[PDB]
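Enquirer: Below is the file my_file29.txt, which contains compact mmCIF, N, CA and C atoms.
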# COMPACT_ATOMS: atom_id res chain seq x y z
N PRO R 544 0.81 -1.22 0.00
CA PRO R 544 0.00 0.00 0.00
C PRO R 544 0.85 1.27 0.00
N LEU R 545 0.26 2.37 -0.46
CA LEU R 545 0.89 3.67 -0.35
C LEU R 545 0.38 4.36 0.91
N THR R 546 1.20 4.33 1.95
CA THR R 546 0.88 4.95 3.23
C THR R 546 1.44 6.36 3.28
N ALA R 547 0.94 7.17 4.22
CA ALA R 547 1.43 8.53 4.43
C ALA R 547 2.93 8.57 4.71
N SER R 548 3.41 7.62 5.52
CA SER R 548 4.83 7.54 5.84
C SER R 548 5.68 7.15 4.62
N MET R 549 5.17 6.23 3.80
CA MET R 549 5.86 5.81 2.58
C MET R 549 5.97 6.97 1.59
N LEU R 550 4.86 7.67 1.40
CA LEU R 550 4.84 8.83 0.53
C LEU R 550 5.81 9.89 1.02
N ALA R 551 5.77 10.17 2.32
CA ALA R 551 6.55 11.25 2.93
C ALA R 551 8.06 11.05 2.82
N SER R 552 8.48 9.80 2.66
CA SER R 552 9.90 9.45 2.59
C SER R 552 10.52 9.75 1.23
N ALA R 553 9.67 10.02 0.24
CA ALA R 553 10.12 10.26 -1.12
C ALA R 553 10.39 11.74 -1.38
N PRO R 554 11.33 12.05 -2.29
CA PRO R 554 11.52 13.44 -2.71
C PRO R 554 10.26 13.98 -3.41
N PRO R 555 10.08 15.31 -3.46
CA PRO R 555 8.84 15.91 -3.97
C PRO R 555 8.37 15.44 -5.36
N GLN R 556 9.29 15.33 -6.31
CA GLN R 556 8.89 14.94 -7.67
C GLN R 556 8.44 13.48 -7.70
N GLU R 557 9.14 12.64 -6.93
CA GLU R 557 8.77 11.24 -6.81
C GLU R 557 7.40 11.06 -6.17
N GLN R 558 7.08 11.91 -5.19
CA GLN R 558 5.75 11.87 -4.56
C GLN R 558 4.63 12.09 -5.57
N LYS R 559 4.79 13.09 -6.44
CA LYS R 559 3.81 13.31 -7.50
C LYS R 559 3.72 12.10 -8.43
N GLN R 560 4.86 11.53 -8.80
CA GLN R 560 4.85 10.35 -9.69
C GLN R 560 4.14 9.16 -9.05
N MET R 561 4.43 8.92 -7.77
CA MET R 561 3.81 7.82 -7.02
C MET R 561 2.30 8.00 -6.95
N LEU R 562 1.86 9.22 -6.63
CA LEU R 562 0.43 9.51 -6.59
C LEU R 562 -0.21 9.32 -7.97
N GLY R 563 0.44 9.85 -9.00
CA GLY R 563 -0.05 9.73 -10.36
C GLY R 563 -0.22 8.29 -10.82
N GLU R 564 0.77 7.46 -10.52
CA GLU R 564 0.72 6.07 -10.98
C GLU R 564 -0.38 5.27 -10.30
N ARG R 565 -0.71 5.66 -9.07
CA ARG R 565 -1.80 5.02 -8.32
C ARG R 565 -3.16 5.55 -8.75
N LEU R 566 -3.24 6.86 -9.01
CA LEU R 566 -4.49 7.49 -9.45
C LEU R 566 -4.91 7.05 -10.85
N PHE R 567 -3.94 6.98 -11.77
CA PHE R 567 -4.24 6.73 -13.18
C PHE R 567 -5.15 5.52 -13.44
N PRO R 568 -4.79 4.32 -12.93
CA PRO R 568 -5.66 3.18 -13.27
C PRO R 568 -7.07 3.30 -12.69
N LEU R 569 -7.20 3.94 -11.53
CA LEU R 569 -8.52 4.18 -10.93
C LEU R 569 -9.35 5.12 -11.79
N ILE R 570 -8.71 6.16 -12.31
CA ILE R 570 -9.39 7.13 -13.16
C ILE R 570 -9.69 6.53 -14.53
N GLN R 571 -8.77 5.71 -15.03
CA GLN R 571 -8.90 5.08 -16.34
C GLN R 571 -10.11 4.14 -16.40
N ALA R 572 -10.45 3.55 -15.26
CA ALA R 572 -11.66 2.72 -15.14
C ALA R 572 -12.94 3.52 -15.41
N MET R 573 -12.93 4.80 -15.02
CA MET R 573 -14.08 5.68 -15.21
C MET R 573 -14.02 6.45 -16.53
N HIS R 574 -12.80 6.79 -16.94
CA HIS R 574 -12.56 7.61 -18.13
C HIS R 574 -11.41 7.01 -18.95
N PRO R 575 -11.72 5.98 -19.77
CA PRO R 575 -10.70 5.23 -20.50
C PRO R 575 -9.75 6.06 -21.36
N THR R 576 -10.22 7.17 -21.93
CA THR R 576 -9.37 7.96 -22.80
C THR R 576 -8.89 9.27 -22.16
N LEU R 577 -9.69 9.84 -21.26
CA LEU R 577 -9.35 11.13 -20.64
C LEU R 577 -8.50 10.99 -19.37
N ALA R 578 -8.25 9.76 -18.94
CA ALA R 578 -7.52 9.52 -17.68
C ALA R 578 -6.20 10.27 -17.54
N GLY R 579 -5.41 10.32 -18.62
CA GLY R 579 -4.12 11.02 -18.58
C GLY R 579 -4.25 12.51 -18.30
N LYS R 580 -5.18 13.16 -19.00
CA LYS R 580 -5.42 14.58 -18.77
C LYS R 580 -5.99 14.85 -17.37
N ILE R 581 -6.94 14.03 -16.94
CA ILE R 581 -7.56 14.20 -15.62
C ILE R 581 -6.53 13.98 -14.51
N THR R 582 -5.72 12.93 -14.64
CA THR R 582 -4.68 12.67 -13.64
C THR R 582 -3.72 13.86 -13.55
N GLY R 583 -3.29 14.37 -14.70
CA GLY R 583 -2.40 15.54 -14.74
C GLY R 583 -3.01 16.76 -14.07
N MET R 584 -4.32 16.95 -14.26
CA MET R 584 -5.04 18.04 -13.60
C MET R 584 -5.07 17.86 -12.08
N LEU R 585 -5.36 16.63 -11.64
CA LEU R 585 -5.47 16.35 -10.21
C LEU R 585 -4.14 16.45 -9.47
N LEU R 586 -3.04 16.19 -10.17
CA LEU R 586 -1.72 16.18 -9.53
C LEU R 586 -1.24 17.53 -8.99
N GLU R 587 -1.94 18.62 -9.33
CA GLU R 587 -1.58 19.91 -8.74
C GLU R 587 -2.15 20.11 -7.32
N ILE R 588 -3.02 19.19 -6.91
CA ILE R 588 -3.64 19.20 -5.58
C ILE R 588 -2.63 18.79 -4.50
N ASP R 589 -2.90 19.18 -3.25
CA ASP R 589 -2.09 18.77 -2.11
C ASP R 589 -1.95 17.25 -2.04
N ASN R 590 -0.74 16.80 -1.73
CA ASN R 590 -0.44 15.37 -1.68
C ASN R 590 -1.27 14.60 -0.66
N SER R 591 -1.54 15.22 0.48
CA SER R 591 -2.36 14.60 1.52
C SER R 591 -3.79 14.35 1.03
N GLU R 592 -4.34 15.31 0.29
CA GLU R 592 -5.69 15.18 -0.27
C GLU R 592 -5.73 14.09 -1.35
N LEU R 593 -4.70 14.04 -2.18
CA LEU R 593 -4.59 12.98 -3.19
C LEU R 593 -4.53 11.58 -2.57
N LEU R 594 -3.83 11.46 -1.44
CA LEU R 594 -3.80 10.21 -0.68
C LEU R 594 -5.19 9.76 -0.24
N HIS R 595 -5.99 10.71 0.25
CA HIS R 595 -7.36 10.44 0.67
C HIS R 595 -8.24 9.99 -0.50
N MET R 596 -8.03 10.60 -1.66
CA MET R 596 -8.77 10.24 -2.87
C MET R 596 -8.50 8.79 -3.30
N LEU R 597 -7.31 8.29 -2.98
CA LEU R 597 -6.97 6.89 -3.27
C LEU R 597 -7.74 5.91 -2.38
N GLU R 598 -8.11 6.35 -1.18
CA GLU R 598 -8.84 5.50 -0.25
C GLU R 598 -10.37 5.62 -0.40
N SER R 599 -10.83 6.78 -0.89
CA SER R 599 -12.26 7.06 -0.99
C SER R 599 -12.71 7.27 -2.45
N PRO R 600 -13.36 6.25 -3.05
CA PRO R 600 -13.90 6.35 -4.41
C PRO R 600 -14.83 7.55 -4.64
N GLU R 601 -15.68 7.85 -3.66
CA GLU R 601 -16.57 9.01 -3.73
C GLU R 601 -15.78 10.32 -3.85
N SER R 602 -14.75 10.47 -3.02
CA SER R 602 -13.89 11.65 -3.07
C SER R 602 -13.16 11.78 -4.41
N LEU R 603 -12.65 10.66 -4.92
CA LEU R 603 -12.01 10.65 -6.23
C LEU R 603 -12.98 11.02 -7.35
N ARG R 604 -14.14 10.37 -7.37
CA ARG R 604 -15.15 10.62 -8.41
C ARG R 604 -15.59 12.08 -8.43
N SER R 605 -15.74 12.67 -7.24
CA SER R 605 -16.16 14.06 -7.12
C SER R 605 -15.15 15.00 -7.77
N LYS R 606 -13.86 14.76 -7.50
CA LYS R 606 -12.79 15.58 -8.04
C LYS R 606 -12.59 15.34 -9.54
N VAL R 607 -12.76 14.08 -9.96
CA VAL R 607 -12.73 13.73 -11.38
C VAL R 607 -13.82 14.48 -12.16
N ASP R 608 -15.04 14.51 -11.63
CA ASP R 608 -16.13 15.25 -12.26
C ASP R 608 -15.81 16.74 -12.39
N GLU R 609 -15.24 17.32 -11.33
CA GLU R 609 -14.83 18.73 -11.35
C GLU R 609 -13.79 18.97 -12.44
N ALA R 610 -12.84 18.05 -12.56
CA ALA R 610 -11.79 18.15 -13.57
C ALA R 610 -12.35 18.13 -14.99
N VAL R 611 -13.30 17.24 -15.25
CA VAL R 611 -13.93 17.18 -16.57
C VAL R 611 -14.60 18.52 -16.90
N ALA R 612 -15.33 19.09 -15.93
CA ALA R 612 -15.99 20.39 -16.12
C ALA R 612 -14.97 21.48 -16.47
N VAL R 613 -13.85 21.49 -15.74
CA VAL R 613 -12.77 22.45 -15.99
C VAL R 613 -12.17 22.25 -17.38
N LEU R 614 -11.95 20.99 -17.76
CA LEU R 614 -11.37 20.71 -19.07
C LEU R 614 -12.28 21.17 -20.21
N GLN R 615 -13.58 20.91 -20.06
CA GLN R 615 -14.57 21.34 -21.05
C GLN R 615 -14.59 22.86 -21.22
N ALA R 616 -14.47 23.58 -20.11
CA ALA R 616 -14.36 25.04 -20.14
C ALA R 616 -13.06 25.49 -20.79
N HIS R 617 -11.95 24.83 -20.45
CA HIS R 617 -10.64 25.17 -21.03
C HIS R 617 -10.59 24.97 -22.54
N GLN R 618 -11.18 23.86 -23.01
CA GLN R 618 -11.23 23.56 -24.43
C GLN R 618 -12.07 24.58 -25.21
N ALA R 619 -13.04 25.19 -24.54
CA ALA R 619 -13.90 26.21 -25.15
C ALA R 619 -13.18 27.54 -25.33
N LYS R 620 -12.29 27.86 -24.40
CA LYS R 620 -11.54 29.12 -24.40
C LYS R 620 -10.33 29.03 -25.32
N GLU R 621 -9.69 27.86 -25.34
CA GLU R 621 -8.53 27.61 -26.19
C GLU R 621 -8.94 27.55 -27.67
N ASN G 1384 0.99 22.23 -23.92
CA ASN G 1384 -0.40 22.69 -23.66
C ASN G 1384 -0.93 22.17 -22.33
N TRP G 1385 -1.96 22.84 -21.81
CA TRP G 1385 -2.57 22.48 -20.53
C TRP G 1385 -3.81 21.61 -20.73
N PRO G 1386 -4.02 20.60 -19.86
CA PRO G 1386 -3.19 20.18 -18.72
C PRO G 1386 -2.00 19.31 -19.12
N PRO G 1387 -0.97 19.24 -18.24
CA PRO G 1387 0.17 18.37 -18.50
C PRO G 1387 -0.25 16.90 -18.33
N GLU G 1388 -0.42 16.21 -19.45
CA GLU G 1388 -0.96 14.85 -19.46
C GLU G 1388 -0.04 13.88 -18.73
N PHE G 1389 -0.64 13.00 -17.93
CA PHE G 1389 0.10 11.96 -17.24
C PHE G 1389 0.14 10.69 -18.10
N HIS G 1390 1.34 10.15 -18.30
CA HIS G 1390 1.54 8.91 -19.05
C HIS G 1390 2.30 7.92 -18.15
N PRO G 1391 1.66 6.79 -17.79
CA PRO G 1391 2.30 5.82 -16.88
C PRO G 1391 3.74 5.48 -17.25
N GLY G 1392 4.65 5.66 -16.29
CA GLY G 1392 6.06 5.31 -16.48
C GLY G 1392 6.93 6.39 -17.10
N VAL G 1393 6.29 7.47 -17.54
CA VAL G 1393 6.99 8.62 -18.13
C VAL G 1393 7.05 9.72 -17.07
N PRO G 1394 8.24 10.28 -16.80
CA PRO G 1394 8.31 11.35 -15.81
C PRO G 1394 7.30 12.45 -16.15
N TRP G 1395 6.46 12.81 -15.18
CA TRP G 1395 5.36 13.73 -15.44
C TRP G 1395 5.83 15.10 -15.93
N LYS G 1396 5.30 15.52 -17.08
CA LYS G 1396 5.57 16.83 -17.70
C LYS G 1396 5.36 18.01 -16.76
N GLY G 1397 4.45 17.83 -15.80
CA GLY G 1397 4.07 18.90 -14.88
C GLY G 1397 5.13 19.22 -13.84
N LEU G 1398 6.11 18.34 -13.71
CA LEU G 1398 7.18 18.54 -12.75
C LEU G 1398 8.10 19.67 -13.19
N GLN G 1399 8.37 20.59 -12.27
CA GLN G 1399 9.29 21.69 -12.51
C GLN G 1399 10.52 21.59 -11.61
Go ahead and express the file in the form of structure tokens.

Expert:
Amino acid sequence: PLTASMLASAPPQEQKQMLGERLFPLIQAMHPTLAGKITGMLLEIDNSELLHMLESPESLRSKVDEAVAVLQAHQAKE
Amino acid sequence: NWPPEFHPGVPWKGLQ
């Protein structure tokens, strides 16, 4: 498992990579093609919050939905 | 371009 202590022992860039690699397959189950963009969006969040999202599907889904809304708005402006 | 896409096993583009 990825515990708070395990995460905390890693350098900052590695922490983001570790969180990303764990988040990606969970997000990919919900969004087979958009998972990479959504994961990249979520990775700017606090590491502690990202850890919680790994344990709570509801918390992850909520943030994933927010990310999709943001992406749709961004694509409209770009 | 934004967002910095995550690709498994590739160092994340978003890292500065």

Enquirer: Using all atoms listed in the file, determine which residues of chain G fall within 5 Å of chain R; present them as a list in words.

Expert: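 Contact residues on the first chain: residues 1387, 1388 and 1389 of chain G.
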
Enquirer: Can you tell me, as a PyMOL selection string, what residues are no more than 8 Å from residue R:590 when counting only N, CA and C atoms, ignoring any on the same chain fewer than 4 positions away?

Expert: chain R and resi 558-559+562+586+594-596

Enquirer: Atom C of residue R:566 and atom CA of residue R:546, how far apart in Å?

Expert: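 These two atoms are separated by 15.4 Å.
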
Enquirer: Have a look at atom C of residue R:571 and atom C of residue R:607 and let me know their distance in Å, one decimal.

Expert: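 Spanning atom C of residue R:571 to atom C of residue R:607 is a straight-line distance of 11.8 Å.
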
Enquirer: In Å, with one decimal, what is the gap from atom CA of residue R:610 to atom C of residue R:576?

Expert: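 Calculated distance between atom CA of residue R:610 and atom C of residue R:576 is 12.7 Å.
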
Enquirer: Just asking: which residues within stretch 548-615 of chain R are helix (DSSP H, G or I) according to DSSP, as a compact mmCIF listing (two decimals) with N, CA and C atoms, keeping the file's coordinate frame?

Expert:
# COMPACT_ATOMS: atom_id res chain seq x y z
N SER R 548 3.41 7.62 5.52
CA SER R 548 4.83 7.54 5.84
C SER R 548 5.68 7.15 4.62
N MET R 549 5.17 6.23 3.80
CA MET R 549 5.86 5.81 2.58
C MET R 549 5.97 6.97 1.59
N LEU R 550 4.86 7.67 1.40
CA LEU R 550 4.84 8.83 0.53
C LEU R 550 5.81 9.89 1.02
N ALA R 551 5.77 10.17 2.32
CA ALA R 551 6.55 11.25 2.93
C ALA R 551 8.06 11.05 2.82
N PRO R 555 10.08 15.31 -3.46
CA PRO R 555 8.84 15.91 -3.97
C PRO R 555 8.37 15.44 -5.36
N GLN R 556 9.29 15.33 -6.31
CA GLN R 556 8.89 14.94 -7.67
C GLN R 556 8.44 13.48 -7.70
N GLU R 557 9.14 12.64 -6.93
CA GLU R 557 8.77 11.24 -6.81
C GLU R 557 7.40 11.06 -6.17
N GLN R 558 7.08 11.91 -5.19
CA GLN R 558 5.75 11.87 -4.56
C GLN R 558 4.63 12.09 -5.57
N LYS R 559 4.79 13.09 -6.44
CA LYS R 559 3.81 13.31 -7.50
C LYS R 559 3.72 12.10 -8.43
N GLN R 560 4.86 11.53 -8.80
CA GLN R 560 4.85 10.35 -9.69
C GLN R 560 4.14 9.16 -9.05
N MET R 561 4.43 8.92 -7.77
CA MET R 561 3.81 7.82 -7.02
C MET R 561 2.30 8.00 -6.95
N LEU R 562 1.86 9.22 -6.63
CA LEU R 562 0.43 9.51 -6.59
C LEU R 562 -0.21 9.32 -7.97
N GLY R 563 0.44 9.85 -9.00
CA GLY R 563 -0.05 9.73 -10.36
C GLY R 563 -0.22 8.29 -10.82
N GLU R 564 0.77 7.46 -10.52
CA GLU R 564 0.72 6.07 -10.98
C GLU R 564 -0.38 5.27 -10.30
N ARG R 565 -0.71 5.66 -9.07
CA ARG R 565 -1.80 5.02 -8.32
C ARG R 565 -3.16 5.55 -8.75
N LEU R 566 -3.24 6.86 -9.01
CA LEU R 566 -4.49 7.49 -9.45
C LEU R 566 -4.91 7.05 -10.85
N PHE R 567 -3.94 6.98 -11.77
CA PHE R 567 -4.24 6.73 -13.18
C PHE R 567 -5.15 5.52 -13.44
N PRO R 568 -4.79 4.32 -12.93
CA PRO R 568 -5.66 3.18 -13.27
C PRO R 568 -7.07 3.30 -12.69
N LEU R 569 -7.20 3.94 -11.53
CA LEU R 569 -8.52 4.18 -10.93
C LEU R 569 -9.35 5.12 -11.79
N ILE R 570 -8.71 6.16 -12.31
CA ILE R 570 -9.39 7.13 -13.16
C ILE R 570 -9.69 6.53 -14.53
N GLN R 571 -8.77 5.71 -15.03
CA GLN R 571 -8.90 5.08 -16.34
C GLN R 571 -10.11 4.14 -16.40
N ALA R 572 -10.45 3.55 -15.26
CA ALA R 572 -11.66 2.72 -15.14
C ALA R 572 -12.94 3.52 -15.41
N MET R 573 -12.93 4.80 -15.02
CA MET R 573 -14.08 5.68 -15.21
C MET R 573 -14.02 6.45 -16.53
N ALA R 578 -8.25 9.76 -18.94
CA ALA R 578 -7.52 9.52 -17.68
C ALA R 578 -6.20 10.27 -17.54
N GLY R 579 -5.41 10.32 -18.62
CA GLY R 579 -4.12 11.02 -18.58
C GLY R 579 -4.25 12.51 -18.30
N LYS R 580 -5.18 13.16 -19.00
CA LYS R 580 -5.42 14.58 -18.77
C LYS R 580 -5.99 14.85 -17.37
N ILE R 581 -6.94 14.03 -16.94
CA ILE R 581 -7.56 14.20 -15.62
C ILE R 581 -6.53 13.98 -14.51
N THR R 582 -5.72 12.93 -14.64
CA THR R 582 -4.68 12.67 -13.64
C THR R 582 -3.72 13.86 -13.55
N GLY R 583 -3.29 14.37 -14.70
CA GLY R 583 -2.40 15.54 -14.74
C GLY R 583 -3.01 16.76 -14.07
N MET R 584 -4.32 16.95 -14.26
CA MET R 584 -5.04 18.04 -13.60
C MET R 584 -5.07 17.86 -12.08
N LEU R 585 -5.36 16.63 -11.64
CA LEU R 585 -5.47 16.35 -10.21
C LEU R 585 -4.14 16.45 -9.47
N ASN R 590 -0.74 16.80 -1.73
CA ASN R 590 -0.44 15.37 -1.68
C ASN R 590 -1.27 14.60 -0.66
N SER R 591 -1.54 15.22 0.48
CA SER R 591 -2.36 14.60 1.52
C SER R 591 -3.79 14.35 1.03
N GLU R 592 -4.34 15.31 0.29
CA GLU R 592 -5.69 15.18 -0.27
C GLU R 592 -5.73 14.09 -1.35
N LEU R 593 -4.70 14.04 -2.18
CA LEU R 593 -4.59 12.98 -3.19
C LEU R 593 -4.53 11.58 -2.57
N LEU R 594 -3.83 11.46 -1.44
CA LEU R 594 -3.80 10.21 -0.68
C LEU R 594 -5.19 9.76 -0.24
N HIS R 595 -5.99 10.71 0.25
CA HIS R 595 -7.36 10.44 0.67
C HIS R 595 -8.24 9.99 -0.50
N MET R 596 -8.03 10.60 -1.66
CA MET R 596 -8.77 10.24 -2.87
C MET R 596 -8.50 8.79 -3.30
N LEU R 597 -7.31 8.29 -2.98
CA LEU R 597 -6.97 6.89 -3.27
C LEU R 597 -7.74 5.91 -2.38
N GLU R 598 -8.11 6.35 -1.18
CA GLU R 598 -8.84 5.50 -0.25
C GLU R 598 -10.37 5.62 -0.40
N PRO R 600 -13.36 6.25 -3.05
CA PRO R 600 -13.90 6.35 -4.41
C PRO R 600 -14.83 7.55 -4.64
N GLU R 601 -15.68 7.85 -3.66
CA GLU R 601 -16.57 9.01 -3.73
C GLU R 601 -15.78 10.32 -3.85
N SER R 602 -14.75 10.47 -3.02
CA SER R 602 -13.89 11.65 -3.07
C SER R 602 -13.16 11.78 -4.41
N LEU R 603 -12.65 10.66 -4.92
CA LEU R 603 -12.01 10.65 -6.23
C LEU R 603 -12.98 11.02 -7.35
N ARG R 604 -14.14 10.37 -7.37
CA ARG R 604 -15.15 10.62 -8.41
C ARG R 604 -15.59 12.08 -8.43
N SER R 605 -15.74 12.67 -7.24
CA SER R 605 -16.16 14.06 -7.12
C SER R 605 -15.15 15.00 -7.77
N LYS R 606 -13.86 14.76 -7.50
CA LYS R 606 -12.79 15.58 -8.04
C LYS R 606 -12.59 15.34 -9.54
N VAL R 607 -12.76 14.08 -9.96
CA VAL R 607 -12.73 13.73 -11.38
C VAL R 607 -13.82 14.48 -12.16
N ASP R 608 -15.04 14.51 -11.63
CA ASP R 608 -16.13 15.25 -12.26
C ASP R 608 -15.81 16.74 -12.39
N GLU R 609 -15.24 17.32 -11.33
CA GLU R 609 -14.83 18.73 -11.35
C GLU R 609 -13.79 18.97 -12.44
N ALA R 610 -12.84 18.05 -12.56
CA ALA R 610 -11.79 18.15 -13.57
C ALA R 610 -12.35 18.13 -14.99
N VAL R 611 -13.30 17.24 -15.25
CA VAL R 611 -13.93 17.18 -16.57
C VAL R 611 -14.60 18.52 -16.90
N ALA R 612 -15.33 19.09 -15.93
CA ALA R 612 -15.99 20.39 -16.12
C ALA R 612 -14.97 21.48 -16.47
N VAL R 613 -13.85 21.49 -15.74
CA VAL R 613 -12.77 22.45 -15.99
C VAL R 613 -12.17 22.25 -17.38
N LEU R 614 -11.95 20.99 -17.76
CA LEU R 614 -11.37 20.71 -19.07
C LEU R 614 -12.28 21.17 -20.21
N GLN R 615 -13.58 20.91 -20.06
CA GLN R 615 -14.57 21.34 -21.05
C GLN R 615 -14.59 22.86 -21.22

Enquirer: So which one's closest to residue R:570, R:603, R:591, R:615, R:620? Using all atoms listed in the file, please.

Expert: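 Among R:603, R:591, R:615, R:620, it is R:603 that comes nearest to residue R:570.
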